[PDB]
Structure formats: structure tokens, C-alpha cells
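S.K.: Structure, please.
(chains A, B, C and D)
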4 protein chains.
Amino acid sequence: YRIXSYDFXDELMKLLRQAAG
Amino acid sequence: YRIXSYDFXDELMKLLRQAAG
Amino acid sequence: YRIXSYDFXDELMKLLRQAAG
Amino acid sequence: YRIXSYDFXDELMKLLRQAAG
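M.R.: Numbering: from 1, shown residues only, chains lettered A, B, ... in the order given. What follows is the structure:
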């Protein structure tokens, strides 16, 4: 799930975890 | 849009901006 | 915020609203 | 990744796929 060079998939997974402490 | 005291809405909006840069 | 002709931004905003109902 | 009864994780995964046809 990439937007050009950005790995949106990865950043979103990190956010989900960060918000579910 | 928060999960507990985590500002998920905001962080997601920041990801959409970064991904779009 | 689109992936090709898919309006991802919009659909995501709709998910945030539904999840918050 | 739940918001009350809503499975945000699941809906978001479906959206990612839908936008990556």
C-alpha cells in the first residue's frame, strides 16, 4: 500500500498500534 | 476522533498529508 | 486524496464517521 | 482495532484493498 515512495500501509499500521497502547 | 486520550484523527490527517508530499 | 480514480480520502472520512456513530 | 462494536481494523483493511484494485 504505497503512495509513490511512501509506505502508507506501514505508517497506518504503526498508528493503529500507537493508538491502542 | 480519539481512542482514549490518543488523537487518532489528527495523526491520521498528518499521515495523509505526508503521504501526499 | 485518491489512488488512481478511487476516492480514498472520501471513503476513509466516511469510515471515521460510521465508526463514531 | 475496535471502536465500541465497530471493527475499524476490518473496515480499513477492506478500504485499502478496494483502493488498490
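
S.K.: Which residues are in contact with residue A:20?
M.R.: B:3, D:1 (CB atoms under 8 Å, 6 or more residues apart in numbering or on different chains). Where C-beta positions appear, they are placed from N, C-alpha and C, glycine not excepted.

S.K.: That one - that's part of a strand, no?
M.R.: No: counting by DSSP: H, G, I helix; E, B strand; the rest coil, residue A:20 falls outside a strand, being coil.

S.K.: Excluding residues flanking it in the chain, which one is nearest residue A:3?
M.R.: Using CB to CB, 6 or more residues apart in numbering or on different chains and skipping the chain neighbours, the partner closest in space to residue A:3 is residue B:19 (4.4 Å).

S.K.: typo on my end, it should be residue A:15
M.R.: residue B:11 (5.6 Å).

S.K.: List the buried residues in the host helix or strand of that neighbour.
M.R.: Assigned by DSSP states H and E, residue B:11 belongs to helix B:8-19. If you call a residue buried by 16 or more other CB atoms under 10 Å in any protein chain shown, then helix B:8-19 has these buried ones: B:8, B:11-12, B:15-16, B:19.

S.K.: That one versus helix A:8-18: what angle between them?
M.R.: Calculated by axes from the mean of the first three to the mean of the last three CA atoms, to 10 degrees, helix B:8-19 forms an angle of 160 degrees with helix A:8-18.

S.K.: helices or strands next to helix B:8-19 in the packing?
M.R.: Here helix B:8-19 is seen to pack against helix A:8-18, helix C:8-19 when contacts are counted using 3 or more CB pairs under 8 Å, 6 or more residues apart in numbering or on different chains; DSSP states H and E.

S.K.: quick revisit: which residues sit in contact with the residue nearest to residue A:3?
M.R.: A:3, A:6, A:8, A:11.

S.K.: swap in residue A:11?
M.R.: Residue A:11 touches B:15, B:18-19, counting by CB under 8 Å, 6+ apart.

S.K.: Can you give me the neighbour number for residue A:7?
M.R.: A total of 13 residues lie near residue A:7 under the criterion other CB atoms under 10 Å in any protein chain shown.

S.K.: Now it. Nearest residue, chain neighbours left out?
M.R.: Here the residue nearest residue A:7, using CB to CB, 6+ apart, is residue A:1, at 7.2 Å.

S.K.: That'll do, ta.
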